[PDB]
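Trainee: Input data.pdb, format and content: PDB, C-alpha atoms.
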MODEL        1
ATOM      1  CA  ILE A  17      13.084-107.696 185.013
ATOM      2  CA  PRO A  18      11.274-106.594 181.927
ATOM      3  CA  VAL A  19      10.165-108.786 179.090
ATOM      4  CA  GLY A  20      10.534-106.139 176.329
ATOM      5  CA  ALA A  21       9.769-102.559 175.233
ATOM      6  CA  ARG A  22       7.722-100.587 172.785
ATOM      7  CA  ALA A  23       7.800 -97.462 170.644
ATOM      8  CA  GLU A  24       4.612 -95.487 170.219
ATOM      9  CA  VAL A  25       3.109 -92.400 168.669
ATOM     10  CA  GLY A  26      -0.290 -90.886 169.365
ATOM     11  CA  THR A  27      -2.453 -88.070 170.670
ATOM     12  CA  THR A  28      -0.492 -87.547 173.888
ATOM     13  CA  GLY A  29       2.820 -87.489 171.958
ATOM     14  CA  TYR A  30       5.430 -90.070 171.102
ATOM     15  CA  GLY A  31       7.950 -92.113 173.030
ATOM     16  CA  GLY A  32       7.699 -95.588 174.437
ATOM     17  CA  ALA A  33       7.469 -97.888 177.385
ATOM     18  CA  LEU A  34       9.126-100.658 179.353
ATOM     19  CA  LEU A  35       7.044-103.821 179.709
ATOM     20  CA  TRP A  36       6.877-106.525 182.393
ATOM     21  CA  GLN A  37       4.830-109.694 182.261
ATOM     22  CA  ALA A  38       4.053-111.243 185.724
ATOM     23  CA  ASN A  39       2.043-113.927 183.892
ATOM     24  CA  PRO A  40       0.297-114.351 180.525
ATOM     25  CA  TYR A  41      -2.728-112.366 181.822
ATOM     26  CA  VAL A  42      -1.094-109.568 183.790
ATOM     27  CA  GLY A  43       1.624-107.123 182.834
ATOM     28  CA  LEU A  44       2.866-103.595 183.309
ATOM     29  CA  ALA A  45       3.853-100.684 181.067
ATOM     30  CA  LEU A  46       5.933 -97.745 182.363
ATOM     31  CA  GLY A  47       6.187 -95.156 179.641
ATOM     32  CA  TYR A  48       7.002 -91.676 178.482
ATOM     33  CA  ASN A  49       5.108 -89.716 175.856
ATOM     34  CA  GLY A  50       6.360 -86.331 174.732
ATOM     35  CA  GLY A  51       6.880 -83.903 171.907
ATOM     36  CA  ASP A  52       6.270 -80.467 170.504
ATOM     37  CA  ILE A  53       4.660 -80.957 167.100
ATOM     38  CA  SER A  54       3.344 -78.308 164.631
ATOM     39  CA  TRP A  55       1.319 -78.878 161.437
ATOM     40  CA  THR A  56       1.118 -75.585 159.510
ATOM     41  CA  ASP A  57      -1.235 -75.807 156.513
ATOM     42  CA  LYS A  65      -5.087 -71.431 156.896
ATOM     43  CA  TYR A  66      -4.695 -73.975 159.778
ATOM     44  CA  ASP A  67      -1.984 -74.245 162.480
ATOM     45  CA  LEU A  68      -2.036 -77.205 164.868
ATOM     46  CA  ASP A  69       0.265 -77.659 167.884
ATOM     47  CA  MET A  70       0.786 -80.163 170.591
ATOM     48  CA  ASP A  71       2.993 -79.900 173.599
ATOM     49  CA  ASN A  72       3.062 -83.134 175.488
ATOM     50  CA  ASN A  73       5.025 -84.203 178.529
ATOM     51  CA  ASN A  74       3.797 -87.249 180.355
ATOM     52  CA  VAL A  75       4.724 -90.358 182.268
ATOM     53  CA  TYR A  76       2.311 -93.258 182.683
ATOM     54  CA  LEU A  77       2.105 -96.558 184.547
ATOM     55  CA  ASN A  78      -0.630 -99.091 183.519
ATOM     56  CA  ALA A  79      -1.434-102.661 184.386
ATOM     57  CA  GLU A  80      -2.431-104.644 181.280
ATOM     58  CA  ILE A  81      -4.994-107.444 181.578
ATOM     59  CA  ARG A  82      -5.023-109.966 178.707
ATOM     60  CA  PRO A  83      -8.184-112.011 179.502
ATOM     61  CA  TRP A  84      -7.004-114.641 176.965
ATOM     62  CA  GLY A  85      -3.294-114.048 177.566
ATOM     63  CA  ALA A  86      -2.357-117.731 177.424
ATOM     64  CA  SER A  87      -4.283-118.310 174.139
ATOM     65  CA  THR A  88      -2.445-119.718 171.180
ATOM     66  CA  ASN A  89      -4.715-117.710 168.947
ATOM     67  CA  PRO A  90      -2.883-114.430 168.524
ATOM     68  CA  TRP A  91      -5.987-112.407 167.871
ATOM     69  CA  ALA A  92      -7.336-113.494 171.258
ATOM     70  CA  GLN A  93      -3.992-113.198 173.171
ATOM     71  CA  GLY A  94      -3.480-109.845 171.546
ATOM     72  CA  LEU A  95      -6.463-108.260 173.390
ATOM     73  CA  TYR A  96      -6.063-106.273 176.593
ATOM     74  CA  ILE A  97      -7.605-103.873 179.053
ATOM     75  CA  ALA A  98      -5.359-101.151 180.491
ATOM     76  CA  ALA A  99      -5.797 -99.529 183.864
ATOM     77  CA  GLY A 100      -3.334 -97.234 185.619
ATOM     78  CA  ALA A 101      -2.444 -93.616 186.216
ATOM     79  CA  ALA A 102      -0.288 -90.883 184.678
ATOM     80  CA  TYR A 103       1.308 -87.520 185.322
ATOM     81  CA  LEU A 104      -0.196 -85.499 182.436
ATOM     82  CA  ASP A 105       0.735 -82.279 180.786
ATOM     83  CA  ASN A 106      -0.626 -81.634 177.319
ATOM     84  CA  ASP A 107      -1.389 -78.479 175.419
ATOM     85  CA  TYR A 108      -3.382 -78.507 172.173
ATOM     86  CA  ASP A 109      -3.507 -75.430 169.959
ATOM     87  CA  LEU A 110      -5.535 -74.768 166.881
ATOM     88  CA  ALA A 111      -5.384 -71.543 164.915
ATOM     89  CA  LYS A 112      -7.379 -70.709 161.817
ATOM     90  CA  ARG A 113      -6.472 -67.594 159.883
ATOM     91  CA  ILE A 114      -8.255 -66.133 156.901
ATOM     92  CA  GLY A 115      -7.097 -63.623 154.292
ATOM     93  CA  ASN A 116      -9.128 -61.629 151.776
ATOM     94  CA  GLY A 117     -12.342 -63.291 150.667
ATOM     95  CA  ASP A 118     -11.906 -66.352 152.855
ATOM     96  CA  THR A 119     -14.235 -67.933 155.381
ATOM     97  CA  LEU A 120     -13.841 -70.003 158.562
ATOM     98  CA  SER A 121     -16.134 -71.755 161.002
ATOM     99  CA  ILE A 122     -16.711 -71.905 164.754
ATOM    100  CA  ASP A 123     -18.968 -74.326 166.531
ATOM    101  CA  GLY A 124     -20.618 -75.226 163.186
ATOM    102  CA  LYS A 125     -21.142 -71.620 162.016
ATOM    103  CA  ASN A 126     -19.336 -69.478 159.438
ATOM    104  CA  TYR A 127     -17.421 -66.194 159.658
ATOM    105  CA  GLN A 128     -15.619 -63.840 157.339
ATOM    106  CA  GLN A 129     -13.400 -60.798 157.806
ATOM    107  CA  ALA A 130     -14.896 -58.004 159.828
ATOM    108  CA  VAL A 131     -12.819 -55.449 157.902
ATOM    109  CA  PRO A 132     -11.019 -56.314 154.651
ATOM    110  CA  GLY A 133      -7.640 -54.873 155.639
ATOM    111  CA  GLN A 134      -6.295 -57.205 158.224
ATOM    112  CA  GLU A 135      -6.348 -60.957 158.474
ATOM    113  CA  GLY A 136      -9.053 -62.491 160.701
ATOM    114  CA  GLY A 137      -8.912 -65.672 162.716
ATOM    115  CA  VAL A 138      -9.539 -67.881 165.694
ATOM    116  CA  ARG A 139      -7.029 -69.218 168.129
ATOM    117  CA  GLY A 140      -7.862 -71.820 170.733
ATOM    118  CA  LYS A 141      -5.928 -73.672 173.445
ATOM    119  CA  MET A 142      -6.845 -76.666 175.565
ATOM    120  CA  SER A 143      -4.659 -77.690 178.469
ATOM    121  CA  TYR A 144      -4.663 -80.842 180.558
ATOM    122  CA  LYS A 145      -2.304 -80.640 183.559
ATOM    123  CA  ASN A 146      -2.819 -83.365 186.243
ATOM    124  CA  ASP A 147      -0.371 -84.737 188.805
ATOM    125  CA  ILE A 148      -2.312 -88.028 188.782
ATOM    126  CA  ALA A 149      -5.094 -88.865 186.409
ATOM    127  CA  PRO A 150      -6.480 -92.383 186.401
ATOM    128  CA  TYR A 151      -6.523 -94.107 182.968
ATOM    129  CA  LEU A 152      -8.807 -96.674 181.302
ATOM    130  CA  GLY A 153      -8.070 -98.176 177.927
ATOM    131  CA  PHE A 154      -8.489-101.055 175.513
ATOM    132  CA  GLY A 155      -5.805-102.273 173.242
ATOM    133  CA  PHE A 156      -4.933-104.742 170.608
ATOM    134  CA  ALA A 157      -1.315-105.969 170.572
ATOM    135  CA  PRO A 158      -0.877-109.139 168.566
ATOM    136  CA  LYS A 159       2.491-110.712 168.387
ATOM    137  CA  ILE A 160       3.760-111.161 164.845
ATOM    138  CA  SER A 161       6.534-113.289 166.373
ATOM    139  CA  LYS A 162       8.131-113.781 169.769
ATOM    140  CA  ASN A 163      10.365-110.747 169.244
ATOM    141  CA  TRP A 164       8.180-108.282 167.440
ATOM    142  CA  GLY A 165       4.594-107.125 167.674
ATOM    143  CA  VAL A 166       2.485-104.112 166.732
ATOM    144  CA  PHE A 167      -0.269-102.572 168.791
ATOM    145  CA  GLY A 168      -3.047-100.006 168.879
ATOM    146  CA  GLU A 169      -4.608 -98.693 172.035
ATOM    147  CA  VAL A 170      -7.565 -96.515 172.755
ATOM    148  CA  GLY A 171      -8.772 -95.126 176.058
ATOM    149  CA  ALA A 172      -9.146 -92.127 178.273
ATOM    150  CA  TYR A 173      -7.789 -90.230 181.259
ATOM    151  CA  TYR A 174     -10.052 -88.872 184.008
ATOM    152  CA  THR A 175      -8.695 -85.272 184.111
ATOM    153  CA  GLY A 176     -11.702 -83.067 184.782
ATOM    154  CA  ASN A 177     -12.584 -80.336 182.311
ATOM    155  CA  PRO A 178      -9.473 -78.710 180.797
ATOM    156  CA  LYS A 179      -8.484 -75.034 180.654
ATOM    157  CA  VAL A 180      -9.693 -73.375 177.464
ATOM    158  CA  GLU A 181      -8.714 -70.201 175.711
ATOM    159  CA  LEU A 182     -10.751 -69.338 172.681
ATOM    160  CA  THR A 183     -10.289 -65.980 171.016
ATOM    161  CA  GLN A 184     -11.096 -64.428 167.665
ATOM    162  CA  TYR A 185      -9.657 -61.528 165.628
ATOM    163  CA  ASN A 186     -11.498 -59.409 162.964
ATOM    164  CA  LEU A 187     -14.487 -61.675 162.284
ATOM    165  CA  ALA A 188     -18.066 -61.118 161.305
ATOM    166  CA  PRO A 189     -20.851 -63.637 160.659
ATOM    167  CA  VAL A 190     -21.606 -64.461 157.033
ATOM    168  CA  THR A 191     -25.101 -63.224 156.211
ATOM    169  CA  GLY A 192     -27.862 -65.392 157.767
ATOM    170  CA  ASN A 193     -25.720 -66.300 160.765
ATOM    171  CA  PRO A 194     -27.227 -64.372 163.678
ATOM    172  CA  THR A 195     -24.353 -65.223 166.130
ATOM    173  CA  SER A 196     -21.289 -62.956 166.390
ATOM    174  CA  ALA A 197     -17.756 -64.293 166.585
ATOM    175  CA  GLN A 198     -17.620 -63.489 170.330
ATOM    176  CA  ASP A 199     -20.765 -65.406 171.239
ATOM    177  CA  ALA A 200     -19.750 -68.356 169.175
ATOM    178  CA  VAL A 201     -16.409 -68.614 170.971
ATOM    179  CA  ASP A 202     -17.946 -67.974 174.389
ATOM    180  CA  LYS A 203     -20.510 -70.705 173.915
ATOM    181  CA  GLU A 204     -17.990 -73.227 172.580
ATOM    182  CA  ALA A 205     -15.454 -72.535 175.374
ATOM    183  CA  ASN A 206     -18.091 -72.875 178.123
ATOM    184  CA  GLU A 207     -19.286 -76.204 176.818
ATOM    185  CA  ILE A 208     -15.690 -77.438 177.100
ATOM    186  CA  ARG A 209     -15.243 -76.028 180.633
ATOM    187  CA  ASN A 210     -18.543 -77.157 182.137
ATOM    188  CA  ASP A 211     -20.093 -80.020 180.169
ATOM    189  CA  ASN A 212     -19.068 -83.228 181.896
ATOM    190  CA  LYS A 213     -18.353 -85.370 178.850
ATOM    191  CA  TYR A 214     -15.186 -83.237 178.839
ATOM    192  CA  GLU A 215     -13.934 -84.564 182.190
ATOM    193  CA  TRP A 216     -12.242 -87.335 180.283
ATOM    194  CA  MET A 217      -9.346 -86.847 177.851
ATOM    195  CA  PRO A 218      -9.709 -89.514 175.089
ATOM    196  CA  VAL A 219      -6.515 -90.867 173.554
ATOM    197  CA  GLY A 220      -5.223 -93.131 170.847
ATOM    198  CA  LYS A 221      -1.826 -94.435 169.952
ATOM    199  CA  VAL A 222      -0.134 -97.055 167.844
ATOM    200  CA  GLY A 223       3.344 -98.515 167.805
ATOM    201  CA  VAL A 224       5.636-101.523 167.865
ATOM    202  CA  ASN A 225       6.578-104.000 170.609
ATOM    203  CA  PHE A 226      10.008-105.672 170.735
ATOM    204  CA  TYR A 227      10.694-108.514 173.197
ATOM    205  CA  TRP A 228      14.247-109.465 174.019
TER     206      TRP A 228
ENDMDL
END
Spell out the structure here as structure tokens.
Mentor:
Amino acid sequence: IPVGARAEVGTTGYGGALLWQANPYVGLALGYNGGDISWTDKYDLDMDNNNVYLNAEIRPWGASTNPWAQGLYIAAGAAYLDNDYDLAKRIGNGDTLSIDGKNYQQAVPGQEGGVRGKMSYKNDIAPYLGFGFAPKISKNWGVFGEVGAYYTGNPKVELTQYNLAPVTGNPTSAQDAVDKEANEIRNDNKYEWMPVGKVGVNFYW
């Protein structure tokens, strides 16, 4: 029987979790994170998230009566993961945009130009490692922040561009810039981990 529950928002979506406490040092969080968010600004940013996680939570000082200490935890578990991240930059007449640190402008002044990229993480099980801070404000309420990563392997990447030419003094074409940036994300092994952050509120019945 669970000891409470939390609401949370972050980079893998929003939702919440049920929470058990076997003892002051060891607890469990079974949660759902989802959503389909868009921020349209020039820039369009999308997230489609649908995931379920189960983590053990180790509070090394879980019995402390100093809340800063008892607040601290390590999180280890696994999750079913499905997350898409989209970014689209579009430029109109006279505008500029950048790829992989380099700048581009319209290739022909008629039509808009742009870049559209997608990254997808789909894993039936991906192990998780995280570090959180979750101090109790009282018995009933707390707030928390958590940071960590899933071991997913490199994600799928689409990276395309429309109607783009380098600005003068940039030797690299739009195509090479997107090919290089995509490949880094597919092959480079720092990208075998999906980093994550979230924050939220804990309630304890």
Trainee: Could you name the residues that touch residue 144 (chain A) at 8 Å or less, counting only C-alpha atoms, but leaving out those on the same chain fewer than 6 positions away, as a list in words?
Mentor: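 So the residues in contact are residues 104, 105, 106, 107, 175, 178 and 179 of chain A.
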Trainee: One number please: CA of residue 145 (chain A) to CA of residue 103 (chain A), in Å, one decimal.
Mentor: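 Answer for the CA of residue 145 (chain A) to CA of residue 103 (chain A) separation: 8.0 Å.
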Trainee: Can you tell me how far CA of residue 115 (chain A) sits from CA of residue 183 (chain A), in Å to one decimal?
Mentor: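 Answer for the CA of residue 115 (chain A) to CA of residue 183 (chain A) separation: 17.2 Å.
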Trainee: Emit as AutoDock Vina command-line options the padded axis-aligned box for all listed atoms of region 24-32 of chain A, 3 Å per side, with centre and edge lengths in Å to one decimal.
Mentor:
--center_x 2.7 --center_y -91.5 --center_z 171.6 --size_x 16.4 --size_y 14.1 --size_z 11.8
Trainee: Would you please work out which residue, of A:132, A:222, A:113, A:37, is nearest to residue 25 (chain A) when using only C-alpha atoms?
Mentor: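 Counting only C-alpha atoms, the residue closest to residue 25 (chain A) is A:222.
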Trainee: Residues around (-21.7, -67.3, 159.8), cut-off 6 Å, counting only C-alpha atoms - what are they as a list in words?
Mentor: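 Collected hits near the coordinates: residues 125, 126, 127, 189, 190 and 193 of chain A.
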Trainee: Got a sec to resolve the PyMOL selection byres ((chain A and resi 157) around 9) on this structure and send the residues as a PyMOL selection string?
Mentor: chain A and resi 90-91+93-96+155-156+158-159+165-169+224-225
Trainee: Identify the residues around (0.9, -88.3, 187.3) within a radius of 9 Å, measuring from all atoms listed in the file in the coordinates stated by the file, and give them as a list in words.
Mentor: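 With a cut-off of 9 Å, the residues come to residues 74, 75, 76, 77, 101, 102, 103, 104, 105, 146, 147, 148, 149 and 150 of chain A.
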Trainee: Closest to residue 135 (chain A) among A:65, A:152, A:214, A:97, using all atoms listed in the file?
Mentor: A:65
Trainee: For the atom pair CA of residue 198 (chain A) and CA of residue 218 (chain A), what is the interatomic distance in Å to one decimal place?
Mentor: 27.6 Å
Trainee: Pick from A:41, A:108, A:36, A:84: nearest to residue 67 (chain A), with only C-alpha atoms counted?
Mentor: A:108
Trainee: List the neighbours of residue 44 (chain A) out to 6 Å using all atoms listed in the file; skip same-chain residues closer than 5 positions along the sequence, and give me the result as a VMD selection string.
Mentor: chain A and resid 35 to 36 78 to 80
